[PDB]
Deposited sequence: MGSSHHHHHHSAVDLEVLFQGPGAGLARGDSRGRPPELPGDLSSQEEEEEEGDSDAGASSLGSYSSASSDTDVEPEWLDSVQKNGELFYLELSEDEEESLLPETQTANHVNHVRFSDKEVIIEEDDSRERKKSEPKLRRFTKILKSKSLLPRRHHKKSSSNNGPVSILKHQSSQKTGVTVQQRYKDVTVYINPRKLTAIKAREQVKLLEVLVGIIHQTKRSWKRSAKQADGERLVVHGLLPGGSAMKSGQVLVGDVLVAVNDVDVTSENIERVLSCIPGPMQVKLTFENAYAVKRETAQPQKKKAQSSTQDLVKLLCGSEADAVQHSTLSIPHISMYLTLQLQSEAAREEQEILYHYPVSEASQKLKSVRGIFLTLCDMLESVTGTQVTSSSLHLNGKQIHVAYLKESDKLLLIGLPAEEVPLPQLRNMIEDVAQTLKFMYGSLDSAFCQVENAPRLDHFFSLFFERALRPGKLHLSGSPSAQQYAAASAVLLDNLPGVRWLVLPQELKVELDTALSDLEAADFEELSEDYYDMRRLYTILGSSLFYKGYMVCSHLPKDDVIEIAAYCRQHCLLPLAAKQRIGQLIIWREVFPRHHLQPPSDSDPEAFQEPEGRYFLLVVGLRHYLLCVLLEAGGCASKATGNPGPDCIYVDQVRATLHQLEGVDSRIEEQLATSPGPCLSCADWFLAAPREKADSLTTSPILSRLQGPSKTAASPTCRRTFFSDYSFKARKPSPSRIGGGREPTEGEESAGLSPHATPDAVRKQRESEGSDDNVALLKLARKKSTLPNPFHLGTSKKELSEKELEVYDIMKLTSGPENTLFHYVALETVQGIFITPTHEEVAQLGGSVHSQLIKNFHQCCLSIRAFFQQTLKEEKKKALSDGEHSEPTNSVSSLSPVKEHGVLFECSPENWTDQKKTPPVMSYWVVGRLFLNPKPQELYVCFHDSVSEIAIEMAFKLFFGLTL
């Protein structure tokens, strides 16, 4: 079936189901060599790859010498890497981000109107890391030339989402939240009852146990080809269960975002999805492979390791159909659980939420579900991030239970845009703390911030958006939005909302 879709390099992308509009808006991606050969007669010798080929990118390509000049020259002046630049092109502001590795430079440029600078910086880090996950060091992706036809697809999806978000009311909500959530060091996670967590953990653990009686060595006189490292399961875009290390979970989710596999599962019934790749994880035989199997809104990712308990591998092997059958069979057994997981999405697994429109326009449980103080629920929206375990909690389809009128829908957008700005300070604090920790081997700084917030007025009401960073041995980020009528303490909300939370 899917065997015919296996590529000569061992890659498999099988899917079965049950950009002219952007070209007026300037954008570009380029990979450049920083090693000049001025003796060469070749034009554009500096460009190893670029995308798109369009009027939209041609203007930025024509000024590419600026990026090369600044990257080396500013670094020579400050002793540090260049991270960004900002230009006006055809009267429109564009931000360009830089990432330099091994004497090569990656550049991404997007219009300021759709993409604030801090979003762009997170996007270049996300692109460089996802490319590294798929290909190893960036030269392995770009300098091969032959990879261009698929790099174009990767960038085509990247630009389409960045410039026309949600164009690829729940879909509009996802577009509103994507600006913040896709750049978090974690994945969206769904909070479940322990009864469901135990059933999911037990079923998921079968893969790591690798009790492959049908593939036993004594039956084939052969060592099994891979050791299963761990796996993680998603439903309808939410992670529900994982036995995999936090760093591997984030890299894998980034792959799935770039191929839109998770948001596709959120809208459509997929009859089958099978993906197989060699992958290049952060660890340290050194060969690892990623297998993804999807079914009926479920997406299951498994990492496989060569060597160890397993046989060594060389060359570029195709997918092992036996391991694929084991993953598919495991995922099929969860179909009977699907009604219970949906019930958890239908209800509020978290705190109770109120609609903003209401303000301008069993009971023990409902009071336990009030994150905010007082008899009235002033909570509208929140994002809770556990930075250690890579998981975050948001409102779900609850947002549709909220009216979503002219007041509420605008207020969701304001929340995510403000939280992007809040993270900028938190990210700066965290990097400084890591730098200090290594330097150990400032007064009036605004940088080491624990809280930030903004209050807004609205009309068809005061709407308060606040976030907090925790720098203690258990680092956390919390974002909450609530009505101005009730005062709140970030510590009490953080305790109530993070207590008992683990992957």
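Chemist: Which regions of the deposited sequence are unaccounted for in the modelled residues, listed N- to C-terminal?
Modeler: According to the record, the gaps fall at 1 to 75, 94 to 324, 475 to 480, 597 to 611, 689 to 803, 884 to 890, 910 to 921.
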